[PDB]
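Only one structure is covered here, and it is reproduced in the block below.
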Amino acid sequence: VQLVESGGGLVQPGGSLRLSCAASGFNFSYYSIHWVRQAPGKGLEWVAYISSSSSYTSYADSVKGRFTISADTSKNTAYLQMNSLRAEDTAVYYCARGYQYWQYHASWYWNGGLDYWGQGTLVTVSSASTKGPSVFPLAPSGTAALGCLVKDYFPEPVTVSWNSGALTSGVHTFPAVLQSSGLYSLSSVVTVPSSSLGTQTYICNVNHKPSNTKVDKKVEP
Amino acid sequence: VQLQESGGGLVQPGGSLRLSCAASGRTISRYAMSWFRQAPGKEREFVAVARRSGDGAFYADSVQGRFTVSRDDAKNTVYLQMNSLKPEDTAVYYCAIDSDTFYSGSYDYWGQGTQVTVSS
Amino acid sequence: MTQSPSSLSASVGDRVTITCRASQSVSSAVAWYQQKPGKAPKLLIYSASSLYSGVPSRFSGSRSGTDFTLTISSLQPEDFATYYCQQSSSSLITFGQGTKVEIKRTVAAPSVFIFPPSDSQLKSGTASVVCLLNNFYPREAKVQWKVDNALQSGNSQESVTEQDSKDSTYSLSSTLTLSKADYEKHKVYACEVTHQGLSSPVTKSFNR
Amino acid sequence: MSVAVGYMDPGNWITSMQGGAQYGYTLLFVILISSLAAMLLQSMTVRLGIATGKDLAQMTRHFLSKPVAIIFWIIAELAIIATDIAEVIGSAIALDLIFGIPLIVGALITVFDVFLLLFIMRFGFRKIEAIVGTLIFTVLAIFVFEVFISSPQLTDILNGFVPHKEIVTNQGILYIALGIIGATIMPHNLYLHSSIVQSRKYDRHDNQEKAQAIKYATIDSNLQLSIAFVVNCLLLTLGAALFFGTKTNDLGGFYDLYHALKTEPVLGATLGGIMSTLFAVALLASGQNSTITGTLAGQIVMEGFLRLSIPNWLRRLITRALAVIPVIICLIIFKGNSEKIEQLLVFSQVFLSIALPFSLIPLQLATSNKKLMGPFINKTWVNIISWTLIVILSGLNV
Amino acid sequence: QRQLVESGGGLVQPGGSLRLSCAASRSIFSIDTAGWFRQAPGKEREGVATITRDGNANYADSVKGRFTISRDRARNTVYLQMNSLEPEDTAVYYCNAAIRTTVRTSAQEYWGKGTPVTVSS
């Protein structure tokens with residue numbers, strides 16, 4: 001019973017995009033399909049619902065009208081059709097099996113739930129283009145902290161190592177946060193012995209594969 | 001707002017005391033209530049916090065297992081039950097209200113303190 | 001849906017309870033889900049009382065009044081993730097805001113560090129000032145930026161790490177961003193930190 | 001005042017209709033023959049009824065001894081019980097259809113409810129008989145309407161040629177055959193007529209030329225049986241035109257008719273239910289009258305063979321109870337199955353037709369002695385002997 | 001597949017009992033062969049019982065002893081009485097049918113919508 005999502009790249013705001021939910025195994029004409037969305041770092045949120053035919057379809061007010069669901073029992077497939085994408089819709093959309101007549105059932109003493117979940121695709125809306133980070137030192141002034149600021153890159157992800165992976169203890173590479181520019185920024189920090197600062201070299205190795213950016217930055221006291 | 005600690009005194013090593021902190025001018029039920037202690041010349045150090053009912057109690061390394069903070073919301077009083085007392089626990093003990101209901105330690109009101117001396 | 005506890009701390013093996021306030025929906029029974037960081041939420045309980053086939057027996061349901069609750073009898077060191085309640089409605093379901101269990105551990109105040117902007121960045125026209133709060137617990141903290149003793153608003157962003165898997169602490173970065181011209185108008189750059197483990201605010205500062 | 005009488009007895013109802021749901025127009029012929037036979041037999045008993053100042057039961061007593069008397073008394077009692085079982089099942093099904101109560105409760109209501117018949121007797125005859133006659137006549141009108149496009153030569157040529165291969169081979173055929181016969185003769189009717197003729201103001205012995213009464217009574221009896229024949233023929237062809245030539249060849253008991261009337265398309269929608277409930281009412285009333293007639297018969301039998309007597313309410317009650325026991329046994333055993341109950345019903349009728357000869361033989365014998373005798377008793381002789389062969393073959397194939 | 005309406009499900013403590021009743025929508029002539037299916041939330045549609053034209057009452061191999069199918073030839077309604085319920089019988093209980101509208105039209109399938117049944121303290 002292997003739900004599989006697909007169809008998530010990068011879209012300009014207001015654009016449109018299809019999303020494919022390939023089913024398998026179970027007799028598709030028996031079960032519904034729900035699309036549960038999750039913003040970054042928030043709680044889940046229900047978005048759509050399509051049964052076997054097209055004679056059943058609810059919606060959620062967030063995309064009431066902007067979204068067209070559709071089914072095709074030929075290949076057990078379900079399709080989402082998003083239009084007029086807004087800057088916030090960036091999310092990680094899912095799939096989820098679930099009873100067909102899930103309305104006629106639900107009552108004060110029964111709730112079917114969503115048995116099998118897919119793995120999620122990452123839609124992302126932006127105006128923002130691919131860009132490698134600027135890398136700036138976070139200079140240290142019995143433990144010292146030092147780091148690298150990895151600023152104004154897009155899209156995710158970046159990796160940061162220290163001393164070509166020889167330094168791993170006490171490293172914290174912060175989750176990226178989106179700036180008002182629509183570009184990400186993060187810092188990577190490490191704590192080290194203050195008595196080491198004069199005689200140990202600290203270099204952050206930054207890799208942003210989408211832009212082929214590789215930067216080594218020496219971080220001096 | 002006023003806080004008043006009581007229950008200190010001279011106690012033998014291994015012995016027990018129960019400190020009380022009575023609050024007036026403020027309903028404590030909405031706020032975390034903390035205990036600190038200060039030995040002469042040292043910095044005032046955290047001992048324990050009783051958050052609102054259900055939100056947990058937290059403790060300093062030095063007192064974990066031996067001290068227990070508890071609350072009587074109805075009587076606007078918080079307690080520190082101190083067992084297995086050590087010489088190292090000798091200090092003035094202080095209660096403070098956390099004015100931030102989100103628990104960030106906005107300690108605006110403090111008691112005058114009650115002396116605890118652990119020695120034979 | 002409003003789950004009442006939101007950051008329920010706990011230690012291993014103990015018992016814990018989690019409640020989902022029926023927001024006077026159709027009140028059709030809840031069905032608790034569980035989700036670990038960055039994976040697919042799993043089912044745990046449907047119709048508010050029965051288990052899902054092949055789920056450890058530590059869990060349980062309860063239908064107390066109109067406040068549905070879940071109770072973990074014994075907390076295996078594996079169960080540490082966010083939990084979700086899901087109430088049906090007339091024709092659209094909605095997931096709760098969700099609560100998140102976490103590992104009990106004796107409070108740790110942050111170590112605080114401040115970093116001035118680099119000359120390289122300044123030469124490009126922008127000044128990023130970074131304040132680091134390292135290895136603290138619980139997660140709540142406040143960072144206030146003062147520039148020549150003036151409290152800043154609207155020109156900083158924070159990031160917080162996921163809880164460390166070994167020591168169960170958090171770290172936090174606050175980044176103040178100024179134009180070079182604004183940066184060069186002022187002398188004293190300070191980050192002032194509070195945390196419930198700190199008896200008084202910690203200030204780290206530099207002079208430009 | 002006005003005409004009022006009930007001719008449809010659930011026994012013949014189910015047997016005829018079944019004979020038209022399963023095999024079609026074949027059985028038709030048999031019906032006629034049975035009817036004709038009964039006519040003759042009526043004649044005979046009526047003659048015996050009017051002369052010799054005796055009752056067929058007393059007759060039997062005057063050719064037997066104590067033990068064999070016990071035997072034939074057992075047989076007559078069993079005949080009566082058979083008819084009563086038929087009736088009580090009819091009533092129970094009627095109740096379950098009209099109201100919705102399960103069968104067991106209806107059976108019990110029927111058995112210990114004879115007080116209705118004293119109540120309504122104290123209430124008034126003419127009105128109740130008029131209304132039941134109206135409803136039955138109207139139900140029959142409904143059935144007539146319901147019969148549709150049909151091929152006459154089929155019915156005819158199957159009435160005529162009598163496919164003997166057919167009539168004898170399918171031992172499902174002999175079954176419904178004996179059913180129809182034993183439901184058209186009904187020995188209790190024989191005893192009852194033998195008795196009732198005894199009072200028609202004939203100059204009991206002081207008129208050797210009282211046979212005028214004989215002729216009058218026989219004319220009446222023949223009219224009656226003829227109309228019964230017409231009704232039976234109708235019910236049979238109804239079963240035919242409503243269930244034949246189909247898939248799964250549904251049995252065609254009562255329930256199936258009750259539904260087929262309701263879901264009948266061309267009858268609109270509500271008219272379905274209307275005719276439905278009308279049919280239900282008809283069933284109920286027919287059951288009740290078929291009961292009330294036979295009480296006197298049971299009384300006459302016991303008075304004749306044992307020369308003993310009882311008040312009527314005790315008679316009716318005890319008979320009805322010993323009749324209802326097999327119903328409940330079958331119900332509880334087979335957990336409730338319309339099919340099983342209707343099968344019990346048909347088996348009751350055929351058992352009646354099995355018992356018949358033990359009460360037919362002495363009738364012929366006695367009419368061979370006294371002053372008035374038939375010239376061609378030969379018809380009755382051939383009747384009984386062919387009869388015996390049929391019943392013994394049907395027994396044997398078991 | 002509509003125009004059938006089950007009814008009767010409801011909460012019930014362990015070891016209770018209750019009687020579900022498949023039905024028809026309007027004036028149906030006969031129910032040839034019924035069948036009651038189960039679709040518990042993490043499994044496949046199993047199947048629990050089977051009456052036939054006359055009567056067969058064939059059951060599953062895990063239920064004999066608790067489930068007593070039946071029929072009501074009077075008002076066309078299949079029944080299903082479950083007795084001494086257990087916490088492993090929670091599911092929605094669909095109904096199948098073989099409806100035949102009028103006395104001569106051929107048969108035709110029909111599925112239901114089913115009803116829930118929960119068993120717990």
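Every chain in the structure tokens takes a letter, A first, then B, and so on in the order presented; its residues are numbered from 1, and the ligands are numbered from 1 following the presented order.
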For this session: Assign secondary structure with DSSP using the backbone only, and return the residues of region 58-214 of chain A in strand (DSSP E) as a VMD selection string.
Result: chain A and resid 58 to 59 67 to 72 77 to 83 134 to 138 143 to 153 159 to 162 171 to 173 177 to 178 184 to 193 203 to 208 213 to 214
For this session: Tell me, as a list in words, which residues lie within 8 Å of region 72-84 of chain E, counting only C-alpha atoms; anything in the same chain fewer than 5 positions away does not count.
Result: residues 96, 97, 255 and 338 of chain D; 14, 15, 16, 17, 18, 19, 20, 21, 22, 23, 24, 28, 29, 30, 31, 34, 66 and 67 of chain E
Exercise. What lies within 9 Å of region 12-29 of chain B using only C-alpha atoms, ignoring chain neighbours under 4 positions off, as an MDAnalysis selection string?
Worked result: chainID B and resid 1:8 33 52:53 71:87 93:97 111 114 116:120
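Among the candidates D:195, D:343, D:125, D:267, the residue lying nearest to residue 52 (chain D) is D:195 (atoms considered: only C-alpha atoms).
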For this session: Please provide the set of residues having any atom within 9 Å of region 128-144 of chain D, restricted to only C-alpha atoms, with same-chain residues fewer than 6 positions apart removed, written as a list in words.
Result: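 My reading of the contact set: residues 1, 2, 3, 4, 5, 6, 7, 8, 120, 231, 234, 235, 238, 275, 278, 279, 281, 282, 285 and 286 of chain D.
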Next, the residues of the selection above should be written as a compact mmCIF listing (two decimals), in the first residue's frame with C-alpha atoms.
```
# COMPACT_ATOMS: atom_id res chain seq x y z
CA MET D 1 -81.10 -11.14 3.82
CA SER D 2 -78.42 -10.47 1.23
CA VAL D 3 -76.03 -13.12 -0.06
CA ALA D 4 -73.08 -13.90 2.19
CA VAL D 5 -70.79 -16.94 2.31
CA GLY D 6 -67.05 -17.69 2.26
CA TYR D 7 -65.73 -20.24 -0.21
CA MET D 8 -61.97 -19.74 -0.21
CA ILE D 120 -69.15 -11.01 17.62
CA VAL D 231 -62.82 -20.22 -7.93
CA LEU D 234 -59.19 -18.96 -11.22
CA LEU D 235 -56.58 -19.11 -8.48
CA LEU D 238 -53.49 -16.71 -11.51
CA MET D 275 -54.88 -4.29 -2.86
CA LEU D 278 -57.27 -5.95 1.11
CA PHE D 279 -55.80 -9.35 0.32
CA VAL D 281 -57.97 -8.92 5.30
CA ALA D 282 -59.44 -11.55 3.00
CA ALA D 285 -61.53 -13.70 7.45
CA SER D 286 -61.30 -16.88 5.40
```
Do you have, as a tab-separated table, the list of residues of region 20-63 of chain B lying at most 12 Å from region 183-202 of chain C, each with its nearest atom pair and that distance in Å to one decimal, counting only C-alpha atoms and ordered by chain then number?
```
residue	atom	partner	partner_atom	distance
B:32	CA	C:196	CA	10.2
B:33	CA	C:196	CA	11.1
B:34	CA	C:196	CA	9.6
B:35	CA	C:199	CA	11.0
B:36	CA	C:199	CA	8.8
B:37	CA	C:199	CA	10.8
B:38	CA	C:199	CA	11.4
B:43	CA	C:199	CA	8.9
B:44	CA	C:199	CA	7.2
B:45	CA	C:199	CA	7.0
B:46	CA	C:197	CA	7.0
B:47	CA	C:197	CA	9.7
B:48	CA	C:197	CA	9.8
B:49	CA	C:196	CA	9.1
B:50	CA	C:196	CA	11.8
B:51	CA	C:196	CA	11.1
B:58	CA	C:197	CA	10.0
B:59	CA	C:197	CA	9.8
B:60	CA	C:197	CA	9.0
B:61	CA	C:197	CA	11.7
```
Give me a file of those residues, with C-alpha atoms, as an mmCIF file, in the first residue's frame.
```
data_model
loop_
_atom_site.group_PDB
_atom_site.id
_atom_site.type_symbol
_atom_site.label_atom_id
_atom_site.label_comp_id
_atom_site.auth_asym_id
_atom_site.auth_seq_id
_atom_site.Cartn_x
_atom_site.Cartn_y
_atom_site.Cartn_z
ATOM 1 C CA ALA B 32 5.157 30.533 38.275
ATOM 2 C CA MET B 33 6.667 30.898 41.728
ATOM 3 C CA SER B 34 10.383 30.391 42.267
ATOM 4 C CA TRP B 35 12.823 29.804 45.101
ATOM 5 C CA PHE B 36 16.349 31.225 45.070
ATOM 6 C CA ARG B 37 19.009 31.203 47.740
ATOM 7 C CA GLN B 38 22.024 33.315 48.502
ATOM 8 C CA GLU B 43 25.387 35.298 43.814
ATOM 9 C CA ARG B 44 21.707 34.619 44.330
ATOM 10 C CA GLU B 45 21.179 31.265 42.743
ATOM 11 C CA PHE B 46 18.217 29.394 41.422
ATOM 12 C CA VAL B 47 16.726 26.586 43.515
ATOM 13 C CA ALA B 48 13.311 25.597 42.150
ATOM 14 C CA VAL B 49 10.277 26.798 40.222
ATOM 15 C CA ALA B 50 6.682 25.633 40.472
ATOM 16 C CA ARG B 51 4.906 26.614 37.295
ATOM 17 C CA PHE B 58 11.971 22.450 37.705
ATOM 18 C CA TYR B 59 15.067 22.298 39.879
ATOM 19 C CA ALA B 60 18.693 23.234 40.225
ATOM 20 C CA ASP B 61 21.359 20.552 39.966
#
```
For this session: With a distance threshold of 7 Å and counting only C-alpha atoms, extract the residues of chain A near chain E and express them as an MDAnalysis selection string.
Result: chainID A and resid 101 105 109:110 112 115
Exercise answer, chain D residues close to chain E, 12 Å and only C-alpha atoms, as a CSV table (one decimal) with N, CA and C atoms, in the first residue's frame:
```
chain,number,residue,atom,x,y,z
D,21,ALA,N,-47.7,-21.6,-9.8
D,21,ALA,CA,-46.4,-20.9,-9.9
D,21,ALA,C,-45.3,-21.9,-10.4
D,93,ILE,N,-50.0,-16.0,9.2
D,93,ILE,CA,-49.4,-15.2,8.1
D,93,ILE,C,-50.2,-14.0,7.9
D,94,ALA,N,-51.5,-14.0,7.9
D,94,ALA,CA,-52.3,-12.8,7.7
D,94,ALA,C,-51.9,-11.8,8.6
D,95,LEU,N,-51.8,-12.1,9.9
D,95,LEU,CA,-51.5,-11.1,10.9
D,95,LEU,C,-50.1,-10.6,10.7
D,96,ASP,N,-49.1,-11.4,10.5
D,96,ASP,CA,-47.8,-10.9,10.3
D,96,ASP,C,-47.7,-9.9,9.1
D,97,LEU,N,-48.4,-10.2,8.0
D,97,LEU,CA,-48.4,-9.3,6.9
D,97,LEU,C,-49.0,-7.9,7.3
D,98,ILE,N,-50.2,-8.0,7.9
D,98,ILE,CA,-51.0,-6.7,8.1
D,98,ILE,C,-50.3,-5.9,9.1
D,99,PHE,N,-49.9,-6.4,10.2
D,99,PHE,CA,-49.4,-5.6,11.3
D,99,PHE,C,-47.9,-5.5,11.4
D,100,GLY,N,-47.2,-6.7,11.5
D,100,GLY,CA,-45.8,-6.7,11.7
D,100,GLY,C,-45.3,-7.6,12.9
D,101,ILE,N,-46.2,-8.1,13.7
D,101,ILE,CA,-45.8,-8.9,14.8
D,101,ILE,C,-45.2,-10.2,14.2
D,102,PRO,N,-44.3,-10.8,14.9
D,102,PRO,CA,-43.7,-12.0,14.4
D,102,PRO,C,-44.7,-13.2,14.4
D,103,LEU,N,-44.3,-14.4,13.9
D,103,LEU,CA,-45.2,-15.4,13.7
D,103,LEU,C,-45.7,-16.0,15.1
D,241,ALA,N,-50.2,-17.1,-14.5
D,241,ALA,CA,-49.9,-15.9,-15.2
D,241,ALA,C,-49.1,-14.9,-14.4
D,242,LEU,N,-48.8,-15.2,-13.2
D,242,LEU,CA,-48.0,-14.3,-12.4
D,242,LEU,C,-46.6,-14.9,-12.0
D,243,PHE,N,-46.4,-16.2,-12.2
D,243,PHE,CA,-45.0,-16.6,-11.9
D,243,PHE,C,-44.4,-17.6,-12.9
D,244,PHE,N,-45.0,-17.8,-14.0
D,244,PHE,CA,-44.5,-18.9,-14.8
D,244,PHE,C,-43.5,-18.5,-15.9
D,245,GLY,N,-42.6,-19.4,-16.3
D,245,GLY,CA,-41.7,-19.1,-17.3
D,245,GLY,C,-40.6,-18.2,-16.9
D,246,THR,N,-40.1,-18.3,-15.7
D,246,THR,CA,-39.1,-17.3,-15.2
D,246,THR,C,-37.8,-17.9,-14.7
D,247,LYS,N,-37.0,-17.1,-14.0
D,247,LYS,CA,-35.8,-17.6,-13.4
D,247,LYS,C,-36.0,-18.0,-12.0
D,248,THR,N,-35.3,-19.0,-11.5
D,248,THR,CA,-35.3,-19.4,-10.1
D,248,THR,C,-36.6,-20.0,-9.7
D,249,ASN,N,-37.6,-19.9,-10.6
D,249,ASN,CA,-38.9,-20.5,-10.4
D,249,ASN,C,-39.4,-20.4,-9.0
D,250,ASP,N,-39.5,-19.2,-8.5
D,250,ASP,CA,-40.0,-18.9,-7.2
D,250,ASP,C,-41.2,-19.7,-6.8
D,251,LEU,N,-41.2,-20.3,-5.6
D,251,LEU,CA,-42.2,-21.2,-5.2
D,251,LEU,C,-43.6,-20.7,-5.5
D,252,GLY,N,-44.0,-19.6,-4.9
D,252,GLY,CA,-45.3,-19.0,-5.1
D,252,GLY,C,-46.2,-19.3,-4.0
D,253,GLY,N,-45.8,-19.1,-2.8
D,253,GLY,CA,-46.7,-19.3,-1.6
D,253,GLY,C,-47.6,-18.1,-1.4
D,254,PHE,N,-47.8,-17.6,-0.2
D,254,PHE,CA,-48.6,-16.4,0.0
D,254,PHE,C,-47.7,-15.2,-0.1
D,255,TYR,N,-46.7,-15.1,0.7
D,255,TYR,CA,-45.8,-13.9,0.7
D,255,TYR,C,-45.5,-13.4,-0.7
D,256,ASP,N,-45.1,-14.3,-1.6
D,256,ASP,CA,-44.7,-13.9,-2.9
D,256,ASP,C,-45.9,-13.3,-3.6
D,257,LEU,N,-47.1,-13.8,-3.5
D,257,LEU,CA,-48.3,-13.1,-4.0
D,257,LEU,C,-48.4,-11.7,-3.4
D,258,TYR,N,-48.3,-11.6,-2.1
D,258,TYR,CA,-48.5,-10.4,-1.4
D,258,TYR,C,-47.6,-9.3,-1.9
D,259,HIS,N,-46.4,-9.7,-2.2
D,259,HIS,CA,-45.4,-8.7,-2.8
D,259,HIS,C,-45.7,-8.4,-4.2
D,260,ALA,N,-45.9,-9.5,-5.0
D,260,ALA,CA,-46.1,-9.2,-6.4
D,260,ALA,C,-47.3,-8.3,-6.7
D,261,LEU,N,-48.3,-8.4,-5.8
D,261,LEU,CA,-49.4,-7.4,-5.9
D,261,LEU,C,-48.9,-6.0,-5.6
D,262,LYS,N,-48.0,-5.9,-4.6
D,262,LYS,CA,-47.6,-4.5,-4.3
D,262,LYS,C,-46.6,-3.9,-5.3
D,263,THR,N,-45.6,-4.6,-5.7
D,263,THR,CA,-44.6,-4.1,-6.6
D,263,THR,C,-45.1,-4.1,-8.0
D,264,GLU,N,-46.4,-4.5,-8.3
D,264,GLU,CA,-46.9,-4.6,-9.6
D,264,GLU,C,-46.8,-3.2,-10.3
D,265,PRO,N,-46.1,-3.1,-11.4
D,265,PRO,CA,-45.9,-1.8,-12.0
D,265,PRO,C,-47.2,-1.2,-12.5
D,266,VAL,N,-48.0,-1.8,-13.4
D,266,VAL,CA,-49.1,-1.2,-14.1
D,266,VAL,C,-50.2,-0.7,-13.2
D,269,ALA,N,-48.6,3.0,-7.8
D,269,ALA,CA,-47.8,2.8,-6.7
D,269,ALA,C,-48.6,2.5,-5.4
D,270,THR,N,-49.6,3.4,-5.1
D,270,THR,CA,-50.4,3.2,-3.9
D,270,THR,C,-51.3,2.1,-4.0
D,272,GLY,N,-51.0,-0.6,-5.2
D,272,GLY,CA,-50.3,-1.8,-4.8
D,272,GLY,C,-50.6,-2.1,-3.4
D,273,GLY,N,-50.3,-1.1,-2.5
D,273,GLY,CA,-50.5,-1.4,-1.1
D,273,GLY,C,-52.0,-1.5,-0.7
D,276,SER,N,-52.9,-4.9,-1.5
D,276,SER,CA,-52.2,-5.7,-0.6
D,276,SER,C,-52.9,-5.9,0.7
D,334,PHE,N,-37.0,-24.7,12.8
D,334,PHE,CA,-36.5,-24.1,11.6
D,334,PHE,C,-36.3,-22.6,11.7
D,335,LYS,N,-36.3,-22.1,12.9
D,335,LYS,CA,-35.9,-20.7,13.3
D,335,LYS,C,-36.7,-19.6,12.5
D,336,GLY,N,-37.8,-20.0,11.8
D,336,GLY,CA,-38.6,-19.1,11.1
D,336,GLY,C,-38.2,-19.1,9.6
D,337,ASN,N,-39.0,-19.7,8.8
D,337,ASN,CA,-38.7,-19.7,7.3
D,337,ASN,C,-40.1,-19.8,6.6
D,338,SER,N,-40.5,-18.7,6.0
D,338,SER,CA,-41.7,-18.7,5.2
D,338,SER,C,-41.8,-19.9,4.3
D,339,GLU,N,-40.7,-20.2,3.7
D,339,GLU,CA,-40.7,-21.4,2.8
D,339,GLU,C,-41.0,-22.7,3.6
D,340,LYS,N,-40.4,-22.8,4.8
D,340,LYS,CA,-40.7,-24.0,5.6
D,340,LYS,C,-42.1,-24.1,6.1
D,341,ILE,N,-42.7,-22.9,6.5
D,341,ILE,CA,-44.0,-23.0,7.0
D,341,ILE,C,-45.0,-23.3,5.9
```
For this session: Apply DSSP to the structure's backbone, then extract all residues of chain B labelled helix (DSSP H, G or I) and return them as a PyMOL selection string.
Result: chain B and resi 28-30+73-75+87-89
Exercise. Near residue 300 (chain D), counting only C-alpha atoms, which residues have an atom at most 12 Å away, once you skip same-chain residues fewer than 5 positions from it, shown as a PyMOL selection string?
Worked result: chain D and resi 54-58+73+76-77+80+188-196+294-295+305-312+315
Exercise. Counting only C-alpha atoms, which residues from chain C have an atom at most 12 Å from any atom of chain B, and could you show them as an MDAnalysis selection string?
Worked result: chainID C and resid 4:11 16:19 101 104:109 137:143 193:201
Could you save the residues just selected, with N, CA and C atoms, as a short mmCIF file (atom, residue, chain, number, x, y, z; two decimals), in the first residue's frame?
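Printed below is result-v9.cif as written:
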```cif
data_model
loop_
_atom_site.label_atom_id
_atom_site.label_comp_id
_atom_site.auth_asym_id
_atom_site.auth_seq_id
_atom_site.Cartn_x
_atom_site.Cartn_y
_atom_site.Cartn_z
N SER C 4 -4.80 21.61 25.02
CA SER C 4 -4.55 22.46 26.19
C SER C 4 -3.07 22.53 26.53
N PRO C 5 -2.39 21.44 26.86
CA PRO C 5 -0.95 21.55 27.08
C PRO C 5 -0.26 21.71 25.74
N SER C 6 0.82 22.47 25.73
CA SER C 6 1.53 22.74 24.48
C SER C 6 3.01 22.40 24.51
N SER C 7 3.64 22.36 25.67
CA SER C 7 5.04 22.00 25.76
C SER C 7 5.26 21.07 26.93
N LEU C 8 4.40 20.07 27.05
CA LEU C 8 4.45 19.15 28.17
C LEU C 8 5.81 18.49 28.28
N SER C 9 6.53 18.82 29.34
CA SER C 9 7.78 18.15 29.63
C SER C 9 7.50 16.86 30.37
N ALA C 10 8.47 15.95 30.35
CA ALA C 10 8.30 14.66 31.01
C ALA C 10 9.63 13.93 31.01
N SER C 11 9.73 12.95 31.89
CA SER C 11 10.87 12.05 31.95
C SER C 11 10.46 10.67 31.48
N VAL C 16 1.75 10.38 31.30
CA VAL C 16 1.44 11.74 30.88
C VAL C 16 0.07 11.75 30.24
N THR C 17 -0.59 12.90 30.29
CA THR C 17 -1.90 13.07 29.70
C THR C 17 -1.90 14.29 28.81
N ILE C 18 -2.67 14.22 27.73
CA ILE C 18 -2.73 15.27 26.73
C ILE C 18 -4.17 15.44 26.31
N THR C 19 -4.67 16.66 26.34
CA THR C 19 -6.09 16.88 26.11
C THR C 19 -6.34 17.86 24.97
N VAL C 101 5.65 16.69 23.28
CA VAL C 101 6.30 16.21 24.49
C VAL C 101 7.78 16.50 24.36
N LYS C 104 12.40 15.73 30.10
CA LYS C 104 12.69 16.43 31.34
C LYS C 104 14.19 16.47 31.57
N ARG C 105 14.67 17.55 32.17
CA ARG C 105 16.08 17.67 32.48
C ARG C 105 16.28 18.86 33.39
N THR C 106 17.20 18.74 34.34
CA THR C 106 17.40 19.79 35.32
C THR C 106 17.69 21.12 34.64
N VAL C 107 16.87 22.74 34.18
CA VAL C 107 17.09 24.07 33.68
C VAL C 107 18.57 24.33 33.46
N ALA C 108 18.87 24.91 32.31
CA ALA C 108 20.22 25.36 31.98
C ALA C 108 20.16 26.75 31.40
N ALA C 109 20.84 27.69 32.02
CA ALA C 109 20.84 29.04 31.51
C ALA C 109 21.74 29.15 30.28
N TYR C 137 17.94 25.50 28.40
CA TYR C 137 16.71 24.76 28.60
C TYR C 137 15.97 25.37 29.79
N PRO C 138 14.66 25.60 29.69
CA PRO C 138 13.71 25.33 28.61
C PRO C 138 13.90 26.30 27.45
N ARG C 139 13.08 26.15 26.42
CA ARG C 139 13.28 26.86 25.16
C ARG C 139 12.99 28.35 25.24
N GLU C 140 12.14 28.80 26.16
CA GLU C 140 11.73 30.19 26.17
C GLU C 140 12.88 31.09 26.60
N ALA C 141 13.07 32.16 25.84
CA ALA C 141 14.13 33.13 26.10
C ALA C 141 13.75 34.42 25.40
N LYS C 142 14.36 35.51 25.85
CA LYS C 142 14.15 36.80 25.20
C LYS C 142 15.49 37.43 24.91
N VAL C 143 15.60 37.97 23.71
CA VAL C 143 16.78 38.70 23.29
C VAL C 143 16.30 40.07 22.89
N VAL C 193 19.84 39.44 27.25
CA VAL C 193 19.20 38.13 27.28
C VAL C 193 18.56 37.85 28.64
N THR C 194 17.36 37.34 28.59
CA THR C 194 16.72 36.78 29.75
C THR C 194 16.27 35.38 29.45
N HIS C 195 16.20 34.60 30.51
CA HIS C 195 15.82 33.22 30.50
C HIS C 195 15.42 32.88 31.94
N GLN C 196 14.50 31.93 32.12
CA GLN C 196 14.11 31.63 33.51
C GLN C 196 15.28 31.11 34.36
N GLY C 197 16.33 30.53 33.75
CA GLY C 197 17.51 30.13 34.52
C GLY C 197 18.46 31.25 34.91
N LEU C 198 18.26 32.46 34.39
CA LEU C 198 19.13 33.60 34.68
C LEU C 198 18.49 34.45 35.77
N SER C 199 19.25 34.73 36.84
CA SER C 199 18.72 35.62 37.86
C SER C 199 18.63 37.08 37.41
N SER C 200 19.53 37.53 36.56
CA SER C 200 19.46 38.87 36.01
C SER C 200 19.83 38.79 34.54
N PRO C 201 19.38 39.74 33.75
CA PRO C 201 19.67 39.69 32.30
C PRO C 201 21.17 39.66 32.04
#
```
For this session: Identify every residue of chain C that has at least one atom within 7 Å of any atom of chain E, counting only C-alpha atoms, and report the result as an MDAnalysis selection string.
Result: chainID C and resid 49 52:53
Filtering to N, CA, C and O atoms, could you give me those residues as a short mmCIF file (atom, residue, chain, number, x, y, z; two decimals), in the first residue's frame?
```cif
data_model
loop_
_atom_site.label_atom_id
_atom_site.label_comp_id
_atom_site.auth_asym_id
_atom_site.auth_seq_id
_atom_site.Cartn_x
_atom_site.Cartn_y
_atom_site.Cartn_z
N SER C 49 -11.07 5.77 21.15
CA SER C 49 -10.79 4.76 22.15
C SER C 49 -10.07 3.51 21.66
O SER C 49 -9.48 2.82 22.49
N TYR C 52 -4.82 1.27 16.77
CA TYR C 52 -4.58 0.95 15.38
C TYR C 52 -3.75 -0.31 15.30
O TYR C 52 -2.79 -0.48 16.05
N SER C 53 -4.11 -1.18 14.36
CA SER C 53 -3.54 -2.53 14.31
C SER C 53 -2.02 -2.49 14.32
O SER C 53 -1.39 -1.99 13.39
#
```
